[PDB]
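Engineer: This is the structure I have questions about; it appears just below.
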There are 2 protein chains.
Amino acid sequence: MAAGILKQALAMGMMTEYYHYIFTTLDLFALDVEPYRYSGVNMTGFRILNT
Amino acid sequence: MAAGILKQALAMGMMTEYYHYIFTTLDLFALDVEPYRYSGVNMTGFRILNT
C-alpha cells in the first residue's frame with residue numbers, strides 16, 4: 001500500500017522538502033526508493049530486520 | 001527536446017501552478033501531455049496545422 005500511495009503522492013506534488021512521512025510498516029526497506037530520493041521528501045520508519 | 005525537458009522538469013518539482021512555459025515549437029500539439037495536464041502547470045505555444 002505504501003509503495004502505491006507514494007506514487008500517488010508524487011503525482012500530487014507532495015514528494016518535496018515540505019512533507020515528512022512516517023511509515024508504520026517494518027518492510028519499509030523493501031520499497032523501491034529510486035523515484036523519490038532526489039526530491040527532498042523526508043521518509044522515516046523502522047526496521048527490525050538486522051541488515 | 002521539449003518532450004525530454006518536460007520529463008526533467010517534472011522530476012524537479014517544476015510542473016506546478018507556479019510555472020508557465022511558452023514553447024517555440026509548432027509541433028507542440030504532438031507532445032504526449034497525459035503526464036502533465038492534471039498538475040496545474042501552464043503550457044502555451046502555437047500551432048499552424050489547421051486541425
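By order in the C-alpha cells, chains are A, B, ...; within a chain, residues start at 1; ligands start at 1, following the order shown.
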Could you tell me which residues of chain A sit within 10 Å of chain B when counting only C-alpha atoms, and give me the result as number ranges by chain?
Structural biologist: A: 10-16, 35-36, 38-39
Engineer: Here's a check: after a least-squares fit over all in-order C-alpha atoms, write chain B in the frame of chain A, as a JSON list (two decimals) with N, CA, C and O atoms, in the first residue's frame.
Structural biologist:
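Result went into out38.json, see below:
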[["chain", "number", "residue", "atom", "x", "y", "z"],
["B", 1, "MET", "N", 0.84, -1.20, 0.00],
["B", 1, "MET", "CA", 0.00, 0.00, 0.00],
["B", 1, "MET", "C", 0.87, 1.24, 0.00],
["B", 1, "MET", "O", 0.55, 2.22, -0.65],
["B", 2, "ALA", "N", 1.96, 1.20, 0.74],
["B", 2, "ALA", "CA", 2.85, 2.33, 0.88],
["B", 2, "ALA", "C", 3.55, 2.64, -0.45],
["B", 2, "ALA", "O", 3.71, 3.80, -0.82],
["B", 3, "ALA", "N", 3.98, 1.61, -1.17],
["B", 3, "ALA", "CA", 4.56, 1.81, -2.48],
["B", 3, "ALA", "C", 3.55, 2.48, -3.40],
["B", 3, "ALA", "O", 3.89, 3.37, -4.19],
["B", 4, "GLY", "N", 2.30, 2.04, -3.30],
["B", 4, "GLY", "CA", 1.24, 2.59, -4.13],
["B", 4, "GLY", "C", 0.89, 4.03, -3.78],
["B", 4, "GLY", "O", 0.62, 4.83, -4.67],
["B", 5, "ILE", "N", 0.88, 4.37, -2.49],
["B", 5, "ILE", "CA", 0.40, 5.67, -2.07],
["B", 5, "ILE", "C", 1.48, 6.72, -2.35],
["B", 5, "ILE", "O", 1.17, 7.87, -2.66],
["B", 6, "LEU", "N", 2.75, 6.32, -2.27],
["B", 6, "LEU", "CA", 3.85, 7.20, -2.67],
["B", 6, "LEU", "C", 3.75, 7.64, -4.15],
["B", 6, "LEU", "O", 3.97, 8.81, -4.43],
["B", 7, "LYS", "N", 3.43, 6.74, -5.07],
["B", 7, "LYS", "CA", 3.29, 7.12, -6.48],
["B", 7, "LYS", "C", 2.22, 8.19, -6.62],
["B", 7, "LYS", "O", 2.40, 9.14, -7.36],
["B", 8, "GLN", "N", 1.11, 8.02, -5.91],
["B", 8, "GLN", "CA", 0.02, 8.98, -5.97],
["B", 8, "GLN", "C", 0.47, 10.31, -5.35],
["B", 8, "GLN", "O", 0.03, 11.39, -5.75],
["B", 9, "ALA", "N", 1.35, 10.24, -4.36],
["B", 9, "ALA", "CA", 1.76, 11.43, -3.65],
["B", 9, "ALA", "C", 2.69, 12.25, -4.54],
["B", 9, "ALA", "O", 2.71, 13.47, -4.48],
["B", 10, "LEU", "N", 3.45, 11.56, -5.38],
["B", 10, "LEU", "CA", 4.36, 12.19, -6.34],
["B", 10, "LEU", "C", 3.56, 12.94, -7.40],
["B", 10, "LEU", "O", 3.77, 14.12, -7.64],
["B", 11, "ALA", "N", 2.62, 12.23, -8.02],
["B", 11, "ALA", "CA", 1.68, 12.80, -8.96],
["B", 11, "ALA", "C", 1.03, 14.06, -8.42],
["B", 11, "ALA", "O", 0.63, 14.95, -9.17],
["B", 12, "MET", "N", 0.91, 14.14, -7.10],
["B", 12, "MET", "CA", 0.14, 15.20, -6.47],
["B", 12, "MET", "C", 1.00, 16.36, -5.98],
["B", 12, "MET", "O", 0.52, 17.29, -5.36],
["B", 13, "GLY", "N", 2.29, 16.29, -6.27],
["B", 13, "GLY", "CA", 3.20, 17.35, -5.90],
["B", 13, "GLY", "C", 3.44, 17.38, -4.41],
["B", 13, "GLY", "O", 3.61, 18.44, -3.82],
["B", 14, "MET", "N", 3.46, 16.19, -3.81],
["B", 14, "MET", "CA", 3.58, 16.07, -2.36],
["B", 14, "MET", "C", 4.81, 15.27, -1.94],
["B", 14, "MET", "O", 4.94, 14.91, -0.79],
["B", 15, "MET", "N", 5.72, 15.00, -2.88],
["B", 15, "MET", "CA", 7.04, 14.49, -2.53],
["B", 15, "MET", "C", 8.06, 15.62, -2.70],
["B", 15, "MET", "O", 8.77, 15.69, -3.72],
["B", 16, "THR", "N", 8.11, 16.50, -1.71],
["B", 16, "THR", "CA", 9.05, 17.60, -1.68],
["B", 16, "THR", "C", 9.54, 17.83, -0.25],
["B", 16, "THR", "O", 9.07, 17.21, 0.68],
["B", 17, "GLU", "N", 10.48, 18.75, -0.09],
["B", 17, "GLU", "CA", 11.06, 19.07, 1.23],
["B", 17, "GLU", "C", 10.02, 19.53, 2.26],
["B", 17, "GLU", "O", 10.31, 19.60, 3.45],
["B", 18, "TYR", "N", 8.81, 19.87, 1.81],
["B", 18, "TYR", "CA", 7.77, 20.33, 2.72],
["B", 18, "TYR", "C", 7.11, 19.19, 3.49],
["B", 18, "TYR", "O", 6.49, 19.42, 4.52],
["B", 19, "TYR", "N", 7.21, 17.97, 2.97],
["B", 19, "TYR", "CA", 6.46, 16.85, 3.52],
["B", 19, "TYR", "C", 7.38, 15.90, 4.27],
["B", 19, "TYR", "O", 8.51, 15.65, 3.84],
["B", 20, "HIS", "N", 6.90, 15.42, 5.42],
["B", 20, "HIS", "CA", 7.58, 14.37, 6.16],
["B", 20, "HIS", "C", 6.63, 13.21, 6.49],
["B", 20, "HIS", "O", 5.62, 13.39, 7.17],
["B", 21, "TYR", "N", 6.97, 12.02, 6.01],
["B", 21, "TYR", "CA", 6.12, 10.84, 6.10],
["B", 21, "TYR", "C", 6.75, 9.82, 7.01],
["B", 21, "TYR", "O", 7.88, 9.40, 6.78],
["B", 22, "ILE", "N", 6.03, 9.43, 8.05],
["B", 22, "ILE", "CA", 6.45, 8.31, 8.88],
["B", 22, "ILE", "C", 5.67, 7.05, 8.48],
["B", 22, "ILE", "O", 4.45, 7.08, 8.35],
["B", 23, "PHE", "N", 6.39, 5.96, 8.28],
["B", 23, "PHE", "CA", 5.77, 4.72, 7.85],
["B", 23, "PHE", "C", 5.74, 3.68, 8.95],
["B", 23, "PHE", "O", 6.73, 3.39, 9.60],
["B", 24, "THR", "N", 4.55, 3.13, 9.11],
["B", 24, "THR", "CA", 4.27, 2.19, 10.16],
["B", 24, "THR", "C", 4.90, 0.84, 9.80],
["B", 24, "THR", "O", 5.36, 0.13, 10.67],
["B", 25, "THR", "N", 4.97, 0.53, 8.51],
["B", 25, "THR", "CA", 5.44, -0.78, 8.06],
["B", 25, "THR", "C", 6.91, -1.07, 8.33],
["B", 25, "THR", "O", 7.77, -0.22, 8.16],
["B", 26, "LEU", "N", 7.19, -2.31, 8.73],
["B", 26, "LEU", "CA", 8.54, -2.75, 9.04],
["B", 26, "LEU", "C", 9.27, -3.16, 7.78],
["B", 26, "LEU", "O", 10.47, -3.44, 7.79],
["B", 27, "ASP", "N", 8.53, -3.22, 6.69],
["B", 27, "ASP", "CA", 9.09, -3.61, 5.41],
["B", 27, "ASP", "C", 9.35, -2.38, 4.55],
["B", 27, "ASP", "O", 9.43, -2.47, 3.33],
["B", 28, "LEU", "N", 9.49, -1.24, 5.21],
["B", 28, "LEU", "CA", 9.84, -0.01, 4.54],
["B", 28, "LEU", "C", 11.06, -0.19, 3.65],
["B", 28, "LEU", "O", 11.09, 0.31, 2.53],
["B", 29, "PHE", "N", 12.06, -0.91, 4.16],
["B", 29, "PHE", "CA", 13.33, -1.11, 3.45],
["B", 29, "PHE", "C", 13.16, -1.88, 2.14],
["B", 29, "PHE", "O", 14.11, -1.99, 1.36],
["B", 30, "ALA", "N", 11.97, -2.40, 1.89],
["B", 30, "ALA", "CA", 11.70, -3.20, 0.70],
["B", 30, "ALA", "C", 11.22, -2.33, -0.46],
["B", 30, "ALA", "O", 11.06, -2.81, -1.59],
["B", 31, "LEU", "N", 10.95, -1.07, -0.16],
["B", 31, "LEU", "CA", 10.37, -0.18, -1.16],
["B", 31, "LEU", "C", 11.42, 0.31, -2.14],
["B", 31, "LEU", "O", 12.50, 0.73, -1.73],
["B", 32, "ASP", "N", 11.12, 0.22, -3.43],
["B", 32, "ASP", "CA", 11.89, 0.92, -4.45],
["B", 32, "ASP", "C", 11.85, 2.39, -4.09],
["B", 32, "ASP", "O", 10.79, 3.03, -4.10],
["B", 33, "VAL", "N", 13.01, 2.94, -3.75],
["B", 33, "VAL", "CA", 13.09, 4.33, -3.35],
["B", 33, "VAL", "C", 13.80, 5.22, -4.41],
["B", 33, "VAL", "O", 14.02, 6.42, -4.20],
["B", 34, "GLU", "N", 14.10, 4.63, -5.57],
["B", 34, "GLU", "CA", 14.81, 5.33, -6.64],
["B", 34, "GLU", "C", 14.02, 6.53, -7.16],
["B", 34, "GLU", "O", 14.58, 7.58, -7.43],
["B", 35, "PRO", "N", 12.70, 6.39, -7.32],
["B", 35, "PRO", "CA", 11.91, 7.54, -7.76],
["B", 35, "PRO", "C", 11.84, 8.73, -6.79],
["B", 35, "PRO", "O", 11.33, 9.77, -7.19],
["B", 36, "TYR", "N", 12.31, 8.60, -5.54],
["B", 36, "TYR", "CA", 12.00, 9.63, -4.56],
["B", 36, "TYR", "C", 13.21, 10.23, -3.84],
["B", 36, "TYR", "O", 13.10, 11.30, -3.24],
["B", 37, "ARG", "N", 14.36, 9.58, -3.89],
["B", 37, "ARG", "CA", 15.49, 10.05, -3.07],
["B", 37, "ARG", "C", 16.11, 11.37, -3.50],
["B", 37, "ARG", "O", 16.83, 11.98, -2.72],
["B", 38, "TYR", "N", 15.85, 11.81, -4.73],
["B", 38, "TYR", "CA", 16.45, 13.06, -5.20],
["B", 38, "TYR", "C", 15.55, 14.26, -4.91],
["B", 38, "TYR", "O", 15.95, 15.41, -5.12],
["B", 39, "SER", "N", 14.35, 14.00, -4.40],
["B", 39, "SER", "CA", 13.30, 15.01, -4.34],
["B", 39, "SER", "C", 13.35, 15.88, -3.09],
["B", 39, "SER", "O", 12.81, 16.97, -3.08],
["B", 40, "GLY", "N", 13.98, 15.38, -2.03],
["B", 40, "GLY", "CA", 13.99, 16.11, -0.77],
["B", 40, "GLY", "C", 12.91, 15.73, 0.24],
["B", 40, "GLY", "O", 12.95, 16.25, 1.35],
["B", 41, "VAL", "N", 11.95, 14.86, -0.10],
["B", 41, "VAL", "CA", 10.99, 14.43, 0.92],
["B", 41, "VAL", "C", 11.72, 13.77, 2.04],
["B", 41, "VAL", "O", 12.83, 13.24, 1.87],
["B", 42, "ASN", "N", 11.07, 13.77, 3.19],
["B", 42, "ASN", "CA", 11.53, 13.04, 4.34],
["B", 42, "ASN", "C", 10.64, 11.83, 4.52],
["B", 42, "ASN", "O", 9.42, 11.95, 4.56],
["B", 43, "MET", "N", 11.26, 10.65, 4.55],
["B", 43, "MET", "CA", 10.55, 9.41, 4.84],
["B", 43, "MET", "C", 11.27, 8.76, 5.99],
["B", 43, "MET", "O", 12.47, 8.48, 5.90],
["B", 44, "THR", "N", 10.56, 8.50, 7.07],
["B", 44, "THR", "CA", 11.17, 7.82, 8.20],
["B", 44, "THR", "C", 10.29, 6.66, 8.61],
["B", 44, "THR", "O", 9.07, 6.75, 8.57],
["B", 45, "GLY", "N", 10.92, 5.56, 8.99],
["B", 45, "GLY", "CA", 10.21, 4.41, 9.52],
["B", 45, "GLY", "C", 11.13, 3.55, 10.36],
["B", 45, "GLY", "O", 12.18, 4.01, 10.81],
["B", 46, "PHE", "N", 10.75, 2.30, 10.56],
["B", 46, "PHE", "CA", 11.51, 1.39, 11.41],
["B", 46, "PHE", "C", 11.85, 0.13, 10.66],
["B", 46, "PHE", "O", 11.20, -0.19, 9.67],
["B", 47, "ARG", "N", 12.85, -0.59, 11.15],
["B", 47, "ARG", "CA", 13.28, -1.85, 10.55],
["B", 47, "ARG", "C", 13.75, -2.80, 11.64],
["B", 47, "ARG", "O", 14.63, -2.46, 12.42],
["B", 48, "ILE", "N", 13.16, -3.99, 11.69],
["B", 48, "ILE", "CA", 13.54, -4.97, 12.70],
["B", 48, "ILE", "C", 14.48, -6.00, 12.11],
["B", 48, "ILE", "O", 15.16, -6.72, 12.84],
["B", 49, "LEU", "N", 14.53, -6.07, 10.79],
["B", 49, "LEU", "CA", 15.45, -6.97, 10.11],
["B", 49, "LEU", "C", 16.86, -6.41, 10.29],
["B", 49, "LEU", "O", 17.13, -5.28, 9.93],
["B", 50, "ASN", "N", 17.74, -7.19, 10.89],
["B", 50, "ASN", "CA", 19.07, -6.72, 11.29],
["B", 50, "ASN", "C", 20.10, -6.82, 10.15],
["B", 50, "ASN", "O", 20.99, -7.67, 10.18],
["B", 51, "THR", "N", 19.99, -5.93, 9.18],
["B", 51, "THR", "CA", 20.78, -6.00, 7.96],
["B", 51, "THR", "C", 22.22, -5.51, 8.11],
["B", 51, "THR", "O", 23.06, -5.77, 7.26]]
Engineer: Looking only at alpha helix (DSSP H) from DSSP on the backbone, list the matching residues of chain A as a list in words.
Structural biologist: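 Alpha helix (DSSP H) assignments inside chain A correspond to residues 2, 3, 4, 5, 6, 7, 8, 9, 10 and 11 of chain A.
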Engineer: Can those selected residues be exported to a file as a short mmCIF file (atom, residue, chain, number, x, y, z; two decimals), in the first residue's frame so that it contains C-alpha atoms?
Structural biologist:
data_model
loop_
_atom_site.label_atom_id
_atom_site.label_comp_id
_atom_site.auth_asym_id
_atom_site.auth_seq_id
_atom_site.Cartn_x
_atom_site.Cartn_y
_atom_site.Cartn_z
CA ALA A 2 2.85 2.34 0.88
CA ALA A 3 4.56 1.81 -2.48
CA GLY A 4 1.24 2.59 -4.13
CA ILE A 5 0.40 5.67 -2.07
CA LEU A 6 3.85 7.20 -2.67
CA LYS A 7 3.29 7.12 -6.48
CA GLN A 8 0.02 8.98 -5.97
CA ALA A 9 1.76 11.43 -3.65
CA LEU A 10 4.36 12.19 -6.34
CA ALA A 11 1.68 12.80 -8.96
#
